[PDB]
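One letter stands for each residue in the lines below.
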Amino acid sequence: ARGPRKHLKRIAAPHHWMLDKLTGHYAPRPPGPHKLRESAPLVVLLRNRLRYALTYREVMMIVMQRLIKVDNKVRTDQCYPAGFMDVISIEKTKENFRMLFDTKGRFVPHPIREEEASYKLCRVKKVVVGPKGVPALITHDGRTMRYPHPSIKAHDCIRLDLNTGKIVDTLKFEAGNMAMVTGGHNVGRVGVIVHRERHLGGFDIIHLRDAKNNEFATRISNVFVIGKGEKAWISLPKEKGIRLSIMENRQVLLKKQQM
Amino acid sequence: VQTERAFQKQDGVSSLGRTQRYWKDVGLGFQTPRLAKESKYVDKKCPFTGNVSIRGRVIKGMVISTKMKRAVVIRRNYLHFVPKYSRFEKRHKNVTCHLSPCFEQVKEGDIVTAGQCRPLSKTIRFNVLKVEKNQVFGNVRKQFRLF
Amino acid sequence: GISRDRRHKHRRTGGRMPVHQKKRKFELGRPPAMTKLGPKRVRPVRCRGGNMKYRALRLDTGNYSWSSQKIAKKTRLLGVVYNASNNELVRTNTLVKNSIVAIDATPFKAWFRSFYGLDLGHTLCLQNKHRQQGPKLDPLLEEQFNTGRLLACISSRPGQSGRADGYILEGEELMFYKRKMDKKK
RNA sequence: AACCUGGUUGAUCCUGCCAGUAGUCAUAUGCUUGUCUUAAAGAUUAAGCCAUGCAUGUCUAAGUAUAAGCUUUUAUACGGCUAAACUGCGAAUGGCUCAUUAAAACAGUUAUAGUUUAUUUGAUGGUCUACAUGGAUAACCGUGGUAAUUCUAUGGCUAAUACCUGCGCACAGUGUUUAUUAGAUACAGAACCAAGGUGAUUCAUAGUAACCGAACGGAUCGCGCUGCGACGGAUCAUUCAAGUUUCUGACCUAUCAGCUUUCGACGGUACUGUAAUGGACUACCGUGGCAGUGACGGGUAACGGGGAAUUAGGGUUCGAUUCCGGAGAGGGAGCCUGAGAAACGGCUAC
RNA sequence: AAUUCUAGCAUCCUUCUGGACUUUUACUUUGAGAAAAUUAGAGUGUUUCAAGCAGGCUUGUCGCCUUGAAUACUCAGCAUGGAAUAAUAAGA
RNA sequence: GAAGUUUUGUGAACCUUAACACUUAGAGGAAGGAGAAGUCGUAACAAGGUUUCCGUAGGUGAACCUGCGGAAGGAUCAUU
């Protein structure tokens, strides 16, 4: 009541962080570009994915060196919400991490090449006219690129340059274009787009087809266009967003563990 | 027509336009009626004539009285499941609802579809979209139709 | 204070509504400034957000747009003439929205001489062009000008803005309110 | 494990209850008790009352240093380091409890074209003595009052990212307030004269005519013709939110059947008020609204849900209590400051 | 060849290049979206076990298993394929 | 821009009356069950010595009795 809540609790955290039940009563709380449940804070990358830090203390000792950057910019706050399709860049080690969705429905820092780690994609939420009658995009990231093409519509991605501010490569939202899912049940799945239903009132949905010919649906808010009909602007994680079945995921896992 | 103490005037039309009439197109797959365009009535709260969006829900039901001015009340009927006995149960809710004077001769026991809008008074949230003439015999509140 | 909420007062059934909560600041109202004629005074009320909302208390003057001619002049007020809601507000001269008011009309008469040169009671070319471009003036407005007054509807909310603005009455609105002035007489 | 034995008769077969039996990751209590791992615990009745101590404070190269402080390096404005004090930000989170409360709250499901939003993230913007404007305030020094406290007066100095003013092109910006034009779209054209965006708008935005000062357009700070970032503040998104809001859903009770209204009950017009929508409130006007599918009223040893116990299936009972809402700080009521409180480890009154 | 689903032909629409019409729902099917904890449950010798979400290989050192922590479950509401059943509508 | 002050609204608290709710005293009256054994009958169970019972009415120490109309749960499934 009475104002914004400064604590978040463990358990009442998101499940896709995979913070454990014991070993803490509270969990780190991420406001930044991204939402609370559609992001992951910079602490649980460093300690609970990348395994650089042990403790919450040690993440302060890393981040206040000014070694961590995101989007070619130094972020000093340890609880910064670093979300979908943000680049992370550490100068020592000289390795870069683009955050994608894993096929199971988790965040994972996908390691990438140095030339690839310049650019990143931003799907545009809407397009809107600012003052002096100038046009302007706005993104899922909460950037606002201005003077686009007239070409560029809602619900489609743009390759940003990052080294400079400006856009470079557009993409369109149509049938036969590659598209990852960012939320809901089918998260972490990439497939070409077959068809979308309108439903003139609320909630457009899209059916789309995995590269092993599995068909599945999501709302348009969740869908995020990568690239053209086959091929893709970005590098993909392990499995490339197929999501193999429950008995298959059993068989591959226990076949691994026997060595 | 000027019934009231204040001058009833349609916003949308400027004082420069004093012949011209404003009419909105409400959308959502609902056609604008002809008597909205042709006639000379005002209504602030009409979907087709004045400032009110329709947005969110749409509700069908049976009209049970049309006594109060520029407003009706619409009996919704529905079955309620009772999982122990594995068996249904007839309930109702009287939604009170605005209607505009484009719809001439809205009789008791007519069918009427009605979209949600901002709260216009305490009881009414919904506004009319479209009506249909049908007879009903004896009492209207007895008449159970599910839609 | 003044509670705007629906937790007090009856249900549609005619039943008392249970209330288990104390009044909330976001369910606020405030005492109404029945603002009037006089020399100007205005009070900044600090509202929710931090945002300021300026309460009128006495207003002499206002910006009033003639619609047809497409001009607006700053003008002094004389008196409140009619109100739709309440006759007590006319009795005290209380400015509110939709309230019909008297106006000097010497700003418009000076403009109408200067712009057109038909009047009431190198350029010349510019005046002629303006006349061709836009001056017949209704028969009732011709009679109305002779007194040194006009009639006009207050369009702004003085309580929120801290400002009396309006527009001049013309055509059907003007013919309408001339009935209900004459009817009480 | 989908389970059954004893008791009415001189005896039998029934209906039928009483008693037995088992579980509780439910309390209490008796007797007994060697070991290690995990661990509920002033909820039930008295949301009865409280001694003492503690639970909210906070400083970077970067707001203000003349401690009549320290420290060895010795600096004609300012060597650093810093008590104290002013300014900024926080104190509205967390924690505790379950007395209220029965279409209320809450749950899932919409809407916000009906709105406010510190901060974060990204945008934007020359248009109105400019080598620099003003005078007071602590701590400090001198000095008192009172029995007594986080009581404080008089006198003397001095600061600012405190407080208040305030020129400016490279008539004239942005914002506020009203009026008002454009904001096109199922087909091709011919002759004559004087192109954003929604399912959807009065939306975005541009243009025209004026309005006010009551708001922005940097009199700020550190490292180093020239880079980096600290702070301030406006509008627009964004994020953390919050406020309302659509639909559907609850235990017992009819030895509760008719409730609601001139003092808002249901609706209409036009104000007012609010962050905005509304009988939310005020004028006039109409006579409505709910109910036998349970209105209105009463009871609860009732906060709601996620859940818990219970060995076929269907169910029955519990949920003060780890998470998410809600409400409260002895009882009621009022209010300041702020982005946010009708706050109680803030204030005023009974 | 059984068991699914589907095009034709016995006189079977079309306005276009997937949606519009077939009275309307219920019903059933698949799909969306819906916090975790708890509950069932995949994997794993916490010495067993209640648990927990960890671990496991190995004289190699930018360690590897491009490591795991799956998945189900959550009336009313939104969407959709369908020939019965049952309401309901009607009667150029 | 202080003290003080005018009129409004928000409105604690206290009091009068009334109603509703819930505990609680009461001379006397009059129920039910328990004792564990008393006094007076004998009503029912057999045709229980006047068959039993129902509804209603009146009367009497008490069970009960009688009037009118029913029932077999009767002591008769039965005879121009």
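Residues numbered from 1 in each chain as written, not as in the entry; some residues may be left out. Chains lettered and ligands numbered in written order. Part of a larger assembly, values for the part shown. Heavy atoms only, no water.

As stated in the entry header, the method of structure determination is cryo-EM and the reported resolution is 3.35 Å.

Now for the overall build of chain C. Helices and strands together make up the secondary structure of chain C, namely six helices and nine strands. By the compact-globule yardstick of 16 Å for 185 residues, chain C is too spread out, its C-alpha radius of gyration being 22 Å. Dimensions of chain C along its principal axes, counting C-alpha atoms only, are 80 × 40 × 30 Å. Considering chain C as a whole, with its 185 residues, one finds that 34% of them fall into the buried category. (Helix = DSSP H or I, 4+ residues; strand = E, 2+ residues; numbered from the N terminus. Rg over C-alpha atoms; globule rule 2.2 N^0.38 Å. Buried < 20%, exposed > 50% of the residue type's maximum accessible area, 1.4 Å probe, protein only.)

The pairing of strands in a sheet comes from backbone hydrogen bonds and takes either a parallel or an antiparallel form. All names here are of chain A. With antiparallel pairing, four strands are arranged side by side in an open sheet as β4-β6-β7-β8. At either margin of the open sheet sits one strand with a lone partner, and together these are β4 (68-70) and β8 (107-112). Adjacent strand axes in the sheet meet at a mean angle of 30° when their direction is disregarded. As paired elements, β4 and strand β6 (residues 87-90) share three bridges and run antiparallel to each other. The partner of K69 across the bridge, within β6, is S89. (Pairing = 2+ DSSP bridges. Axes fitted to C-alpha atoms, helices over the stretch in contact; angles between N-to-C directions.)

Okay, the domain arrangement of chain C next. For chain C, the assigned domains are domain 1 (1-30), domain 2 (31-105 + 149-185) and domain 3 (106-148). When each unit is reduced to the centre of its C-alpha atoms, the spacing between domain 1 of chain C and domain 2 of chain C is 33 Å. (Domains from an automatic or database assignment.)

In the region of RNA strand E, 34 residues are neighbours, and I11, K21, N186 and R250 of chain A together with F147 of chain B sit closest. A breakdown of the atoms of RNA strand E within 4 Å of the protein gives sugar and phosphate a share of 87%. Taken together, the elements giving at least two residues each to the surface near RNA strand E come down to β14 (190-197), β16 (215-219) and α3 (246-257) of chain A. Top element by residues in the surface near RNA strand E is α3 of chain A. It accounts for six residues. Tallied by class, the residues present in the surface near RNA strand E amount to nine nonpolar, 11 polar and 14 charged. (Near = heavy atom within 4 Å. Nonpolar A, V, L, I, M, F, W, Y, C, P; charged D, E, K, R; others polar.)

Take the pairing of strand β5 (residues 126-132) of chain B next. Residues and elements named next belong to chain B. Strand direction decides the pairing type here: strand β3 (residues 90-98) and β5, joined by two bridges, are parallel. The residue of β5 that forms the bridge with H98 is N127. The sheet contact formed by strand β4 (residues 111-116) and β5 spans six bridges and is antiparallel. The residue of β5 that forms the bridge with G115 is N127.

Here we come to the interface of chain B and chain C. Across the boundary between the two partners, chain B contributes 14 residues, which contact 19 residues of chain C. Approximately 1400 Å² of surface area, both sides summed, lies buried where chain B meets chain C, with 48% of it carried by carbon and sulfur atoms. Where chain B meets chain C, there are two salt bridges. Linking chain B to chain C there are seven residue pairs in polar contact. Each residue belonging to the side of chain B that touches chain C can be placed in one class, and the counts come to three nonpolar, five polar and six charged. (Contact = heavy atoms within 4.5 Å. Buried area = accessible area lost by both parts, 1.4 Å probe. Salt bridge = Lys/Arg side-chain N within 4 Å of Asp/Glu carboxyl O. Polar contact = N/O pair within 3.5 Å; in protein donor to acceptor, adjacent residues only side chain to side chain.)

Attention shifts here to unusual backbone geometry. Peptide bonds are, in most cases, trans, and in most cases residues other than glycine have a negative phi. The backbone of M259 of chain A sits at a positive phi, close to 70°, despite the residue not being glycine. For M259 of chain A, the position within the fold is in the segment after α3. You can call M259 of chain A exposed: its relative accessible area is 88%. A positive phi angle is found at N98 of chain C, which is not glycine, with a value near 65°. By secondary structure assignment, the location of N98 of chain C is in the loop between α1 (87-91) and β7 (100-103).

Time to look at the nonpolar core. Judged by nonpolar contacts, the single largest core of 49 residues is most densely connected at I68, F84, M85, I88, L121, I226 and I234 of chain A. Ranked by the residues each element gives to this core, the list is headed by helix α1 (residues 42-46) of chain A, at five residues. Core analysis: the second largest hydrophobic core is formed by 36 residues, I71, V101, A164 and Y177 of chain C among them. (Core = buried A, V, L, I, M, F, W, Y, C linked by side-chain atoms within 4.5 Å.)

What follows covers the side chain of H34 of chain A. All names here are of chain A. By the element assignment, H34 lies in the loop between β2 (26-27) and β3 (40-41). Polar contacts involving the side chain of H34 include one to the side chain of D86, which spans 3.0 Å. A polar contact is formed between the side chain of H34 and the side chain of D141, at a distance of 3.1 Å. Other than its neighbours up to four places away in sequence, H34 contacts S39, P81, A82, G83, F84, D86, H140 and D141.

What follows deals with empty space enclosed by the protein. Empty space within the largest cavity amounts to approximately 80 Å³. Of all the elements in the fold, those that place two or more residues in the lining of the largest cavity are α1 and β8 of chain A. The element that contributes the greatest number of residues to the lining of the largest cavity is β8 of chain A, accounting for three residues. Partitioned by chemical class, the residues of the lining of the largest cavity number eight nonpolar, one polar and one charged. Considered as a void within the structure, the second largest cavity measures approximately 40 Å³ in volume. If you go around the second largest cavity, the residues you meet are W66, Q69, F108, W111, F112 and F145 of chain C. At three residues, the largest contribution of residues to the lining of the second largest cavity is made by helix α2 (residues 106-115) of chain C. (1 Å grid on protein atoms, 1.4 Å probe; cavity = no way out; pocket = protein on both sides within 12 Å on 5 of 7 lines; lining within 4 Å. Points joined across faces, edges and corners; volume = space filled by probe spheres on them.)

What follows is about the protein's contact with RNA strand F. Residues and elements named next belong to chain C. The environment of RNA strand F is made up of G1, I2 and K23. A distance of 3.3 Å is found between a sugar or linking oxygen of RNA strand F and a backbone nitrogen or oxygen belonging to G1. Here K23 contributes a side-chain N or O atom positioned 3.4 Å from a phosphate oxygen of RNA strand F.

Within this structure, the stated rule accounts for 18 salt bridges over all chains. A salt bridge links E173 of chain C to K9 of chain B; the nearest nitrogen and oxygen atoms lie 3.8 Å apart. Note that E173 of chain C is positioned in helix α6 (residues 172-182) and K9 of chain B in the segment before α1 (34-38), a pairing that runs across two chains. For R76 of chain C, the salt bridge identified is with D60 of chain C, shortest N-O distance 3.7 Å. In this pair, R76 of chain C sits in strand β6 (residues 71-82) while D60 of chain C sits in the loop between β4 (52-56) and β5 (61-66), placing the two residues 16 residues apart along the sequence. One salt-bridge network, in which partners are shared between bridges, spans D71, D86, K120, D141 and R143 of chain A.

Take the environment of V52 of chain B next. Residue and element names in this part refer to chain B. If you trace the backbone, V52 turns up in the loop between α1 and β1 (58-65). Considered as a pair, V52 and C117 are 65 residues apart in the sequence and their alpha carbons are 6.9 Å apart. Discounting chain neighbours no more than four positions away, the residues touching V52 are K24, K45, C46, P47, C117, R118 and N127.

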